[PDB]
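Raw my_file.cif, mmCIF, C-alpha atoms:
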data_protein
loop_
_atom_site.label_atom_id
_atom_site.label_comp_id
_atom_site.auth_asym_id
_atom_site.auth_seq_id
_atom_site.Cartn_x
_atom_site.Cartn_y
_atom_site.Cartn_z
CA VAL A 1 6.83 25.33 -10.07
CA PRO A 2 6.20 23.80 -6.59
CA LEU A 3 8.91 23.50 -3.92
CA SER A 4 10.24 20.05 -4.82
CA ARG A 5 10.89 18.79 -1.27
CA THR A 6 7.18 18.18 -0.50
CA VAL A 7 5.53 18.26 -3.95
CA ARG A 8 4.54 14.65 -3.58
CA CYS A 9 3.11 14.58 -0.04
CA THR A 10 -0.69 13.98 -0.10
CA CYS A 11 -1.71 13.83 3.57
CA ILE A 12 -2.24 16.90 5.72
CA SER A 13 -3.78 15.13 8.72
CA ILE A 14 -4.13 11.65 10.22
CA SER A 15 -6.82 9.46 11.79
CA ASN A 16 -6.12 7.25 14.80
CA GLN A 17 -9.49 5.55 14.37
CA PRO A 18 -9.34 1.74 14.20
CA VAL A 19 -9.73 0.73 10.59
CA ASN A 20 -11.87 -2.35 10.05
CA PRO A 21 -9.83 -4.58 7.68
CA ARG A 22 -13.01 -5.91 6.13
CA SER A 23 -13.87 -2.34 5.09
CA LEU A 24 -10.69 -1.84 3.06
CA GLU A 25 -10.64 -1.88 -0.72
CA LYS A 26 -6.90 -1.29 -0.50
CA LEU A 27 -4.02 0.12 1.46
CA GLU A 28 -1.30 2.29 -0.07
CA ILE A 29 2.04 2.71 1.61
CA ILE A 30 4.24 5.51 0.37
CA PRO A 31 7.71 5.48 1.91
CA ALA A 32 9.39 8.84 2.48
CA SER A 33 11.35 10.34 -0.41
CA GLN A 34 13.16 13.41 -1.69
CA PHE A 35 9.68 14.59 -2.69
CA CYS A 36 7.96 13.92 0.65
CA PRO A 37 9.93 13.80 3.96
CA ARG A 38 7.54 11.32 5.53
CA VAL A 39 5.88 7.95 5.12
CA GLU A 40 2.25 8.28 4.16
CA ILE A 41 -0.34 5.52 4.50
CA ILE A 42 -3.67 5.75 2.73
CA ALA A 43 -6.55 3.41 3.25
CA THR A 44 -9.24 3.33 0.60
CA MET A 45 -12.60 2.25 2.04
CA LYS A 46 -15.21 0.39 0.07
CA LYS A 47 -18.06 2.73 0.92
CA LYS A 48 -18.90 6.26 -0.21
CA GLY A 49 -15.59 7.33 -1.77
CA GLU A 50 -13.95 7.42 1.65
CA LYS A 51 -10.19 7.30 2.00
CA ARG A 52 -7.98 8.11 4.90
CA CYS A 53 -4.48 8.88 5.91
CA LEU A 54 -3.31 6.54 8.63
CA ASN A 55 -0.61 6.97 11.25
CA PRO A 56 2.45 5.05 10.05
CA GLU A 57 3.81 5.55 13.59
CA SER A 58 0.92 3.75 15.23
CA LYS A 59 1.18 0.01 15.83
CA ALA A 60 -2.52 -0.70 15.29
CA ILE A 61 -1.64 0.26 11.71
CA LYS A 62 1.20 -2.26 11.64
CA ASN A 63 -1.27 -4.94 12.65
CA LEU A 64 -3.42 -3.72 9.80
CA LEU A 65 -0.57 -4.18 7.31
CA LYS A 66 -0.11 -7.75 8.50
CA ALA A 67 -3.81 -8.57 8.33
CA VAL A 68 -4.38 -6.93 4.94
CA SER A 69 -1.29 -8.70 3.59
CA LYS A 70 -2.28 -12.18 4.87
CA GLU A 71 -6.02 -12.50 4.06
CA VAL B 1 -22.29 4.60 -4.39
CA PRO B 2 -20.09 2.00 -6.14
CA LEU B 3 -18.41 2.83 -9.44
CA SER B 4 -18.18 0.41 -12.38
CA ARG B 5 -15.12 -1.72 -11.88
CA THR B 6 -12.82 -4.53 -12.90
CA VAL B 7 -14.36 -7.86 -11.99
CA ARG B 8 -11.19 -9.93 -12.06
CA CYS B 9 -7.70 -9.91 -10.52
CA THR B 10 -5.63 -7.15 -12.03
CA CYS B 11 -2.24 -8.87 -12.14
CA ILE B 12 -1.12 -10.43 -15.42
CA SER B 13 1.77 -12.11 -13.62
CA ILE B 14 3.26 -11.85 -10.16
CA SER B 15 6.88 -11.78 -9.03
CA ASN B 16 8.41 -14.06 -6.38
CA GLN B 17 11.76 -12.21 -6.38
CA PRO B 18 13.21 -10.26 -3.43
CA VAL B 19 12.88 -6.49 -3.50
CA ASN B 20 15.01 -3.79 -1.98
CA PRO B 21 12.61 -1.56 -0.04
CA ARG B 22 14.83 1.40 -1.02
CA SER B 23 13.85 1.05 -4.69
CA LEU B 24 10.14 1.17 -3.83
CA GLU B 25 8.29 4.33 -4.68
CA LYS B 26 4.97 2.86 -3.51
CA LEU B 27 3.17 -0.28 -2.41
CA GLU B 28 -0.51 -1.10 -2.52
CA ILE B 29 -2.08 -4.07 -0.83
CA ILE B 30 -5.41 -5.21 -2.24
CA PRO B 31 -7.22 -7.78 -0.03
CA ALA B 32 -9.03 -10.68 -1.64
CA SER B 33 -12.63 -9.83 -2.61
CA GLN B 34 -15.41 -11.35 -4.73
CA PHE B 35 -13.70 -9.67 -7.67
CA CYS B 36 -10.34 -11.42 -7.13
CA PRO B 37 -9.99 -14.42 -4.76
CA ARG B 38 -6.49 -13.52 -3.56
CA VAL B 39 -4.56 -10.57 -2.22
CA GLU B 40 -2.63 -8.61 -4.82
CA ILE B 41 0.30 -6.27 -4.08
CA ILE B 42 1.19 -3.71 -6.70
CA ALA B 43 4.59 -2.15 -6.37
CA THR B 44 5.47 1.12 -8.06
CA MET B 45 9.23 1.16 -8.49
CA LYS B 46 11.21 4.40 -8.54
CA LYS B 47 12.66 3.52 -11.96
CA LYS B 48 10.27 4.55 -14.74
CA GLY B 49 7.67 4.07 -12.03
CA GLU B 50 7.30 0.51 -13.29
CA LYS B 51 4.25 -1.16 -11.79
CA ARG B 52 5.19 -4.70 -10.69
CA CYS B 53 2.89 -7.18 -8.90
CA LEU B 54 4.47 -8.98 -5.93
CA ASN B 55 3.50 -12.44 -4.74
CA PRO B 56 2.38 -12.06 -1.08
CA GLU B 57 2.72 -15.83 -0.86
CA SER B 58 6.43 -15.76 -1.64
CA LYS B 59 9.02 -15.60 1.11
CA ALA B 60 10.80 -12.67 -0.53
CA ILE B 61 7.66 -10.51 -0.52
CA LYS B 62 6.72 -11.55 2.99
CA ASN B 63 10.17 -10.33 3.89
CA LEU B 64 9.79 -7.06 2.03
CA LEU B 65 6.52 -6.37 3.84
CA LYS B 66 8.34 -6.98 7.12
CA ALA B 67 11.21 -4.65 6.31
CA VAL B 68 8.66 -2.04 5.32
CA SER B 69 6.63 -2.38 8.50
CA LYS B 70 9.80 -1.95 10.54
CA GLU B 71 11.46 0.85 8.59
CA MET B 72 8.20 2.72 9.06
CA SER B 73 8.46 3.39 12.78
CA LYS B 74 10.98 5.62 14.54
#
What would the structure in this file look like if it were written as C-alpha cells?
Amino acid sequence: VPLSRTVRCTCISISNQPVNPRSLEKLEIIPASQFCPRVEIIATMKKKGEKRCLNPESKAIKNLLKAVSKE
Amino acid sequence: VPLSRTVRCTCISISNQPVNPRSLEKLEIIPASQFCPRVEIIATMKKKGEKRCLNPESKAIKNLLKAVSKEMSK
C-alpha cells in the first residue's frame, strides 16, 4: 500500500516550453488534493503520443488555459 | 501515429450550472477539432468521480475557469 499523501501525483518534472495551442488535443488540470499536495497540469499533444506536465505557476500557462477554453 | 478515435463530440449533454472549484477532482479542456466543432470541458467531481460536461459558453463555467486559473498561482 502506497503512502496516501502523494499516491495520486503523476508529474515528476515540468516543461517551461511554450505550448502551441493548435498542437493540443486536450489540457487536464488537476487541483491539489489530500492525495497530491500540488496542482498538476498535463497537456496532451496531437502528435506521437506526446504529453507534458506544465508549470501551473507560470503565466504563459494561464494564457494557455484562456485560449484553450475560448476557441 | 494516430490511434482510432471517436469522430464526434463526446458530451451527451452539457451543464450551465455554477460549480464550486473545491468539489472538482479534475478538469479537462478539449479544444474544437474536425471531430467536434466546439470546445468540451469534462469535469471529474470528487463525489463518485462523476464525469460531468460543463458548458464553456455559460457564465457559470467561464467563472469556474477563472477561479481555477487564479487559485492555481501562489
Minimum-distance residue to residue 25 in chain B, chosen among A:3, A:19, A:9, A:29 (using only C-alpha atoms):
A:29
On this file, the PyMOL selection byres ((chain B) within 9 of (chain A)) gives some set of residues; write that set as a ChimeraX atom specification.
/B:1-2,21-22,24-33,38-41,56-57,62,65-66,68-74
For this structure, which residues satisfy the selection - the PyMOL selection byres ((chain A and resi 16) around 7) - when it is evaluated on the file as given? I want them as an MDAnalysis selection string.
chainID A and resid 14:15 17:18 54:55
The PyMOL selection byres ((chain B and resi 12) around 12) resolved against shown file, as a count of residues only:
14
Could you check how far CA of residue 45 in chain B sits from CA of residue 64 in chain A, in Å to one decimal?
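Atom-to-atom, CA of residue 45 in chain B and CA of residue 64 in chain A are spaced 22.8 Å apart.
Between CA of residue 59 in chain B and CA of residue 23 in chain B the separation is 18.3 Å.
Rounded to one decimal, CA of residue 2 in chain A and CA of residue 37 in chain A lie 15.0 Å from each other.
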